[PDB]
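Starting off, we have a lone chain in the form deposited in one PDB entry, written out as structure tokens.
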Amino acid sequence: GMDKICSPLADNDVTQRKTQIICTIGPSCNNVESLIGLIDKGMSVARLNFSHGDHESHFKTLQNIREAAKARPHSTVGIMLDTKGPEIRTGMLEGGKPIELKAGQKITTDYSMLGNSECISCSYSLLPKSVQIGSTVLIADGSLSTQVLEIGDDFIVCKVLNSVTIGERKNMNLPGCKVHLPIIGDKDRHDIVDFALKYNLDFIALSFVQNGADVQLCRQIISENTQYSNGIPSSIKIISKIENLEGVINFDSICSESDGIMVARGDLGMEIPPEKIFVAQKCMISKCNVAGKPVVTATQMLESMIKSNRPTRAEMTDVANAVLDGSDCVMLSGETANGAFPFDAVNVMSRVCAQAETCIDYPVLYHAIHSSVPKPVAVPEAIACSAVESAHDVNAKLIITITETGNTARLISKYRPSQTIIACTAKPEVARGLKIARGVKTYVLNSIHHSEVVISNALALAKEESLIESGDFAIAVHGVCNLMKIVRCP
């Protein structure tokens, strides 16, 4: 549309934004007043990166978030645990002096040795088994590049292709290679059980998932560790991060096992070439739309806003295109955590997402998704469809769903309605869990047993929050989930 450029974005659209915003917490927004600012700017989920920090540091941040939650009772804030995961780092050298590198020049599994310019160490014990002859290795996030020449029993020789400067204990990438480190170590075990399960968080961002069995392994740890919840298994969500090629190869199995997916473009950018990232992003998002599971696009989405009040023109389109691709969530990393403009970063991402949503042709998007699902479908999914179609046919303002699990709210979100999906539930854990579901606003109630009562309250609260007026239609969906009804707002 042409007038969509000239006519400004209305306050109604930005307030009723559907794409969820995951803000990473850091020194720039660690206190309570800053987190309230992020909620006002439009935060959906708070992300805690356990790659750095300790339990005591993150626990104080957890208390700040929850204090910010009570200050804004009308909003709902999810809390995510992002694990460090498996990691590959180089060894020590002098250890003081950093070794100089040159083109045309080794690596050993013996981690306890003083590495020189001729030879270095590696923490990954199965380095030679993974890398074959010819395969490349990237020390210090792509600043140093080498190729595998020989494959020894306890070592692997390689020839450099650039004059690097660093370094001591820098990271490593094995592009196009399987990493046989355990998905969850003792550090991660301690993070998932004694923090995520202990303090009852909503999401686990599982780093470096390479297959379906890695998700099952995390799923097993949750069931086994029911000692912070009195034997009751947690409903915590498993968001698998696809950080390398192996995850991309086994994406279908990973997607089936996991609750959600994060397209971790940062590490993917180090593993696959830059030309492939947009393809990887669009394809994985599309499959998550078909599967009916929330997807997250993350990393370098507005990174220039770390140093400035306004983003670059490439970042402007990147957010918009992520939403147009069908991304349920968009994440900020250093923009919120380490940046000097966290409120602007969230503000700009909120407004661009909202604009992108007004440029979606929902009628066409519905049938694009509807045709992608094989028939016959289960009853709840048939009801979910009809709710979206009926909402359009009568021009309803809201789709109200009664749900104890939140699953019905996700089913309706799958078919991408233009209306806001109002989820009615009994426990706050489901409401926080639906902060990665696109276009869902949750009302927590004392009970959801009597339908007519719940529907009347939901409509009343929606009317107070200015999401519907008298006479307007609303699609109600609940059990006799096998029932759909069209109701008028009093």
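Residues carry their position along the shown sequence, with the first being 1.
One more form of this protein, deposited in another entry, exists but is not displayed; see below.
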query: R488 grouped with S304 as one rigid part between the shown form and the other one; finding: yes
query: Sense of the change in Cα distance from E243 to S135 in the other entry - at least 3 Å versus the shown form; finding: farther
query: Relative Cα spacing, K170 and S51, in the other entry - shift of 3 Å or more; finding: closer
